[PDB]
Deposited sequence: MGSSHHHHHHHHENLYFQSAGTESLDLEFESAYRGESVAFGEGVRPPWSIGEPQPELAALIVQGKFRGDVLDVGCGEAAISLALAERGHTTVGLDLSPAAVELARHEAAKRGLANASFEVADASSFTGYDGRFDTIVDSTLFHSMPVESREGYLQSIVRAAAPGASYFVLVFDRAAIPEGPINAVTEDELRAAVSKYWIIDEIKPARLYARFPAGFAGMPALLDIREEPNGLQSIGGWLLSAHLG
């Protein structure tokens, strides 16, 4: 299976993607304020790249990679509107990319993890480790399989995520997390087929996992 056409259509606006919330995902913004993001950052499966933009505004040199040319164009457009010189973007397949050997001190996966086939995970993890500087940190925000079923999205259980990532990184923490979005009215039916939590500020959230890891 393949989500390439759906991601490109969502970014072109066929209304904006529900996950393009216009700010970094809150669970990842909390790690930034804790000082967990360091040096040159890779925002892998960056989408519109709100987290790249926030990190570039703080002084980091950032690179965002996405398979969708529309996402890369949107990220470049927003960085240009803000006059950021520090943020760059490229179209690439996270499961098979090169050209950044030992580059990044922090790699962040903001909901890319479940957006590729299960069979692509090993190529992706090999690609990002190859792109990592010594002592690099890695952060993943991903849907929980308890919340998102088998289907187009490859959400994970805690054990599955640990088994996949521990082969490549030293895992510091895996904890429950929320993935925020702005869904249209009536999203997923009435009654709803998914557990969508209503949040303040017109947002919603779905269950997930926040993983923190590093090289060492």
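When the deposited sequence is numbered from 1, the segments without any C-alpha atom are 1-22, 37-43.
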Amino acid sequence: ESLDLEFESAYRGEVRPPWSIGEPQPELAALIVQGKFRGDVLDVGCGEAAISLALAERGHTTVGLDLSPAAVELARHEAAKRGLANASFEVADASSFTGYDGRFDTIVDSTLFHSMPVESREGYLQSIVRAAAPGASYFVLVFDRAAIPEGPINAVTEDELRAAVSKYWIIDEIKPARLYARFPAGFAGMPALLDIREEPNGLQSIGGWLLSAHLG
From here on, numbers count along this sequence of modelled residues.
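Looking at the other PDB entries for this protein, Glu199 is present in the model in all of those that include the residues around it, rather than absent from a third. Compared with other PDB entries of the same protein, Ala10 is present in all of those that resolve the residues around it, none of them, let alone a third, dropping it. Remark: stretch with higher mean C-alpha B factor among 47-55 and 168-176 is 168-176. For the pair 28-36 and 182-190, the mean B factor over Cα atoms is greater in 182-190. In this structure the maximum Cα B-factor among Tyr100, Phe139, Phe143, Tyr124 is found at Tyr100. In the deposited entry, the Cα temperature factor of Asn86 sits in the top third of values across the chain's modelled residues. Sort the modelled residues of the chain by CA B factor and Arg76 lands in the middle third. When all modelled residues of the chain are sorted by CA temperature factor, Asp66 is found within the lowest third. Per the deposited record, the Cα B-factor of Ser96 falls in the highest third when ranked against the other modelled residues of its chain. Ranked against the other modelled residues of its chain, the C-alpha B-factor of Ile148 as given in the entry falls in the lowest third.
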